[PDB]
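Asks: Chain order of the listed sequences is B and A.
The first sequence lines up with residues 11 to 19, 22 to 32, 43 to 102 when you count with the entry's author numbering.
The second sequence lines up with residues 11 to 31, 40 to 102 when you count with the entry's author numbering.
Have a look at this one before I ask anything.
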Amino acid sequence: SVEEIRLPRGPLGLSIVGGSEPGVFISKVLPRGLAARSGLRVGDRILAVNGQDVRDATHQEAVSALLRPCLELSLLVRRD
Amino acid sequence: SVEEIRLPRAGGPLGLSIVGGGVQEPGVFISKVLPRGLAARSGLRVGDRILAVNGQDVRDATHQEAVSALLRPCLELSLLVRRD
């Protein structure tokens, strides 16, 4: 399954694992935090961030894409 | 939140995927668990973190090191797992 997630972005309230081709996964989600309230779940694979493919991104690149300045923070994730 | 899981590996498909080795939380991350597969029936779940395998620390294990530890000869396959 796939879906687009927009964060109202302040801590994001999630942790991620992986990076370079396993990919980048959400390892922890703070209950009632921003990521949790946005619909992100443990185990989700982050496919893209604001249109930027991160299927093959480094852990540092994934962190940077998520914290970089933007109009709206939008993610594409794959679960199950 | 920490458990000892026994995985009776019988040579068939184990039905899980793992991600090995900013901010990190320790252990080998279980990324995928096939519903009703061997790993699922054994008690493993997505999000779990394998801390050790038969007493061997795998907190810092690479993906292959973790695979080797899970597939090497042993009498029992006992996993130390942290769960949130």
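Built from N, CA and C at the ideal position, the CB exists for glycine as well.
Listed from N- to C-terminal order along the chain, which residues in the stretch 66 to 96 of chain B have their beta-carbon within a distance smaller than 8 Å of any beta-carbon of chain A?
Replies: If the cut-off is 8 Å between Cβ atoms, the stretch 66 to 96 of chain B has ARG67, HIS81, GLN82, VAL85 near chain A.
Asks: Considering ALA70/B, what are the terminal residues of the beta strand (DSSP E) in which it resides?
Replies: Where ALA70/B is concerned, the enclosing beta strand (DSSP E) stretches over 67 to 71.
Asks: Counting Cβ pairs closer than 8 Å, one from the stretch 11 to 26 of chain A and one from the stretch 87 to 102 of chain B, do we hit at least three?
Replies: Result no; under three Cβ-Cβ pairs closer than 8 Å.
Asks: Could you tell me which chain A residues have their CB closer than 9 Å to the CB of residue 37/B, listed as they occur along the chain?
Replies: No atoms of residue 37/B appear, because in chain B residue 32 is followed directly by 43.
Asks: Who are the Cβ neighbours of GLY22/B in its own chain at under 8 Å, not counting the five residues just before and after it?
Replies: Excluding sequence neighbours, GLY22/B sits near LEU56.
Asks: Using CA atoms only, rank isn't needed, just tell me which of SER11/A, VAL41/A, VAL29/A, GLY25/A is closest to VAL85/B.
Replies: Residue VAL41/A is the option with its Cα nearest to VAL85/B.
Asks: Check the Cβ-Cβ distances between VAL41/A and every residue of chain B, and say whether any is below 8 Å.
Replies: Closer than 8 Å to some Cβ of chain B, the Cβ of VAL41/A qualifies, so yes.
Asks: Could one say the Cβ of residue 37/A lies closer than 8 Å to chain B's Cβ atoms, at least one of them?
Replies: Not modelled: residue 37/A, which lies between 31 and 40, the two residues flanking a gap in chain A.
Asks: Residues of chain B with CB under 7 Å from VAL29/A, in chain order?
Replies: Per Cβ cutoff of 7 Å: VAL29, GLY30, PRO44, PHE47.
Asks: For the stretch 78 to 97 of chain A and the stretch 87 to 96 of chain B, state whether three or more C-beta atom pairs, one from each stretch, are separated by less than 8 Å.
Replies: Taking 8 Å as the limit for Cβ pairs, the verdict is that the stretch 87 to 96 of chain B does not touch the stretch 78 to 97 of chain A.
Asks: Considering only C-alpha positions, which residue in the set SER49/B, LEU24/B, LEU26/B, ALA58/B is nearest to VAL29/A?
Replies: The shortest Cα separation from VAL29/A among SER49/B, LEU24/B, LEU26/B, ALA58/B belongs to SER49/B.
Asks: Got a sec? Which residues, its chain only, sit under 8 Å from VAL64/A by beta carbon, not counting five neighbours each side?
Replies: The answer, listed in chain order, is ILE48, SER49, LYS50, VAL51.
Asks: According to the Cβ coordinates, are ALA70/B and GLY31/B closer than 8 Å?
Replies: In this structure, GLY31/B does not lie closer than 8 Å to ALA70/B by Cβ.
Asks: Any idea which residues DSSP pairs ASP75/A with across the strands?
Replies: Note: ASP75/A sits in a beta bridge opposite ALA70/A.
Asks: To the nearest angstrom, report how far apart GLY73/B and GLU13/B are at their CA atoms.
Replies: Computed Cα separation, rounded: 13 Å.
Asks: Measure the C-alpha to C-alpha separation of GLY25/B and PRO44/A and round it to an integer number of angstroms.
Replies: Cα to Cα, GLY25/B sits roughly 18 Å from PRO44/A.
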